[PDB]
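> Give me the fold of what follows.
(3 chains)
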Amino acid sequence: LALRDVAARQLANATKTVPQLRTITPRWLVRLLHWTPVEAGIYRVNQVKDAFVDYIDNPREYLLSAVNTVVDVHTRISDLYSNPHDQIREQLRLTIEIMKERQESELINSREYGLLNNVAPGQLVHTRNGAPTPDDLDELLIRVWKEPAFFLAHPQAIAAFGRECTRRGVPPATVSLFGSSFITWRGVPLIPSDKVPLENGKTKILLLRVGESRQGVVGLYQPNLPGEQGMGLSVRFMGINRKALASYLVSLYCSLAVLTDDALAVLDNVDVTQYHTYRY
Amino acid sequence: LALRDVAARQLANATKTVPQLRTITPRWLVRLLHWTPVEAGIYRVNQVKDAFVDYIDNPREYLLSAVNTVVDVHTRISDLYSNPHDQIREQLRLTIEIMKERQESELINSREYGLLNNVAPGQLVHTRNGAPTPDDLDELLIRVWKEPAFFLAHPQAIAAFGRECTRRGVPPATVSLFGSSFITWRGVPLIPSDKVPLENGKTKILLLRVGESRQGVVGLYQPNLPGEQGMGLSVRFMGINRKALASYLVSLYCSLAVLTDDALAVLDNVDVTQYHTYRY
Amino acid sequence: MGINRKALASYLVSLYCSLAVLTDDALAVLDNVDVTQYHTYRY
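Residues are numbered from 1 along each chain as shown, chains lettered A, B, ... in the order given. Sure, structure below:
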């Protein structure tokens, strides 16, 4: 008999990871958008009227929106347990991750801005038979034929499109972006995002042109913020309350503008639950 | 509601102490002895016969004794759990502490060497009334009147002597040695040691002269050992067995010689259980 | 490890390893995969 493992383990330093947040996503849409700074929170998109040359007198003004989160950390927790990991920094990091996920979801789904609600008449396409076939994506590419950037879809919709391509004996090509592989259709990549709504096996697929040089989709943000930690993101210390809770304010200022109406098209009534039966 | 202490504690490094060994003692006797090296494990104490000048022809030869301890440490324990504390080093350190305690106990109590058994006739004093009074220590000082070094006693016997001194209205003086205070009697310090036997409230008190220049008590040790880590102490790696247990041999070589017989005296029948009743 | 009485030298080979799945959506398993099916091509 000798020294046991459980007793010798009382002398050993455990390697501790930072807390793993499983709802973190790559947030591809934010990385693929072009971001325009708005120095005073107002973006006015002037338009040619009925494209002599006249302009409309009531152009849409985009107001940047504010989302705030208060992060409360007890002073004794950050005082006592900040070795080897800063407790305040981990709380803030995680908080900002959750806020960035919410920001991507708002870029897709917001009622004021938000791609699925700012789609022009004539740019809304419907599937012929529910499932996202190659013909439906060809329709989408008809609607955004001027230099389309990427498709945006739920990963289940990308799988359904892959099944439809397999049934027709068509293997779609792939591209590498940001060290990851994506399906492409007619050279246009299919980008996954779990923020595209999926309810009762029904979802939507978006097609986007991005950039200000083109007349595409642009993201908007506020450029010079006190306590800035990122694009349109700021962190401020709010103070300490009577119960020794230190508070931090995390602010995110963002919006989205579709500069011209042929920069965005949406394929509606996409069914992701259809499976083919292969019989020979 | 905010982040709780129990959850935030999962990120914090705990400060781990080395294992505390409560049986560790200051081992004052070993620190107070003079240590003589014996290069080949044999110490022959020559004596003048019946002190012309003749020597005895059968002098006592002191053979250094060996105490061995095998320290088994599983290779996976030292491989896995040696951060930030070396597991083998802690096991060896603790093992050597226990062996040093045993060595002090053997210097006092051994049957071959050992002060309580190598006491000459005429140097054994008995208490007049059980309790260790000032008169009994004066008797001891009669027996070792030539430059006595220190008393050695159980801490309960030192307390009993203190009680006897208090009953007689005598406060004994104290000296500082090694950063610690000790009672002294007639300028001779009383050194505590829990290795002095105490059974049924009965113990002994020793008085020693030390050194080779004087003809006192000397400790003996072996000076040039393979794997030497201390005085007469060595550590050797023995090998690994089939079940991946690494073994280490800890060896301690020691003995003790009383050069002349008036260098040591023992006060016998010391009673440590007597308490005076103060009535006025 | 050392040499025994019959002049056999021993060596200890140790391997320390484990594996962690940090989040649960990092791993998926497809079960009941059948590898014995062959199609009959008739035209």
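> what's across from the residue of the stretch 151-280 of chain A found nearest chain B in the sheet?
Per CB to the nearest CB, the residue of the stretch 151-280 of chain A with the smallest distance to chain B is residue A:245, at 6.4 Å. Just so you know, the C-beta spots here come from the backbone N, C-alpha and C atoms, and that holds for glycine as well. In this entry, residue A:245 is beta-bridged to residue A:74, by DSSP bridges.
> now do residue A:254
residue A:65, residue A:221.
> circling back to that earlier point, shouldn't the residue of the stretch 151-280 of chain A closest to chain B be in contact with residue A:76?
No: judged on CB atoms under 8 Å, residue A:245 makes no contact with residue A:76 at a distance of 9.9 Å.
> Who has more neighbours out of the two?
Comparing residue A:245 with residue A:76 by other CB atoms under 10 Å in any protein chain shown, the one with more neighbours is residue A:245, at 16 against 12.
> Pretty sure residue A:88 sits in a helix.
Yes: per DSSP: H, G, I helix; E, B strand; the rest coil, residue A:88 lies within a helix segment.
> residue contacts, it?
Listed by CB atoms under 8 Å, 6 or more residues apart in numbering or on different chains, the contact set of residue A:88 reads A:73, A:78, A:82, A:246, A:248.
> mind running it again at 6 Å?
A:73, A:78 (CB atoms under 6 Å, 6 or more residues apart in numbering or on different chains).
> measure it to residue A:122 for me?
Distance, residue A:88 to residue A:122, by CB to CB, to the nearest Å: 51 Å.
> again with residue A:76
Residue A:76 is 61 Å from residue A:122, by CB to CB.
> same deal with residue A:75?
Going from residue A:75 to residue A:122 by CB to CB gives 58 Å.
> So if I had to pick from those two, which one is more boxed in?
When neighbours are counted by other CB under 10 Å, residue A:75 and residue A:122 differ, and residue A:75 comes out ahead with 13 against 10.
> wait, isn't the more buried one in contact with residue A:244?
Yes: between residue A:75 and residue A:244 there is a contact at 4.6 Å, judged by CB atoms under 6 Å.
> Tell me the buried residues in stretch A:45-63?
Neighbour-count burial for stretch A:45-63 flags residue A:62 (criterion: 16 or more other CB atoms under 10 Å in any protein chain shown).
> Quick check: end-to-end length of that stretch?
In stretch A:45-63, first residue to last residue: 11 Å (CA to CA, to the nearest Å).
> Identify all contacting residues around that stretch.
A:42-44, A:255, A:257.
> I'd like to know how many residues surround residue A:205.
25.
> mind checking how far it is from residue B:72?
For residue A:205, the distance to residue B:72 - CB to CB - is 67 Å.
> Ok, residue A:230 next?
Residue A:230 is 56 Å from residue B:72, by CB to CB.
> who's more crowded, the two?
The neighbour count for residue A:230 versus residue B:72, taken as other CB under 10 Å, is higher for residue B:72 (15 against 12).
> Chain neighbours aside, what residue packs nearest to the more buried one?
Counting by CB to CB, 6 or more residues apart in numbering or on different chains, residue B:72 lies nearest to residue A:2, which is 4.1 Å off, once chain neighbours are set aside.
> Repeat that for residue A:37.
Per CB to CB, 6+ apart, closest to residue A:37 is residue A:223, 3.8 Å.
> can you check residue A:17 too?
Residue A:17 sits nearest to residue C:22 (CB to CB, 6+ apart), 7.3 Å away.
> and residue A:61, which of the three is it?
strand.
> wait, doesn't residue A:73 sit right on residue A:248?
No: at 7.4 Å, residue A:73 does not count as touching residue A:248 under the criterion of CB under 6 Å.
> circling back: can you report how many residues lie near the residue nearest to residue A:37?
13.
> and residue A:162, that's in a strand?
No: counting by three-state DSSP, one finds residue A:162 to be helix, located in no strand.
> Could you check how many residues crowd around it?
Residue A:162 has 16 nearby residues by other CB under 10 Å.
> can you check the one 5 residues further on too?
Burial of residue A:167 is recorded as 15 neighbouring residues (other CB under 10 Å).
> any idea how far it lies from chain C?
From residue A:167 across to chain C, the span is 16 Å (CB to the nearest CB, to the nearest Å).
> That residue reaches residue A:278, doesn't it?
No: counting by CB under 6 Å, residue A:167 does not reach residue A:278; the two are 8.1 Å apart.
> show me what contacts the spatially most central residue of chain A?
Against the mean C-alpha coordinate of chain A, by CA atoms, centre = their mean, the closest residue is residue A:104 at 3.0 Å. Residue A:104 sits next to A:27, A:29-30, A:195 when contact means CB under 6 Å, 6+ apart.
> Save those as JSON lines, and put in secondary structure and neighbour count too.
Shown next, in JSON lines, are those (DSSP: H, G, I helix; E, B strand; the rest coil; neighbours: other CB atoms under 10 Å in any protein chain shown):
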{"residue": "A:27", "secondary structure": "coil", "neighbour count": "17"}
{"residue": "A:29", "secondary structure": "helix", "neighbour count": "27"}
{"residue": "A:30", "secondary structure": "helix", "neighbour count": "17"}
{"residue": "A:195", "secondary structure": "coil", "neighbour count": "21"}
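> Could you find which two of those residues are furthest from each other?
A:30 and A:195 (10.5 Å; CB to CB).
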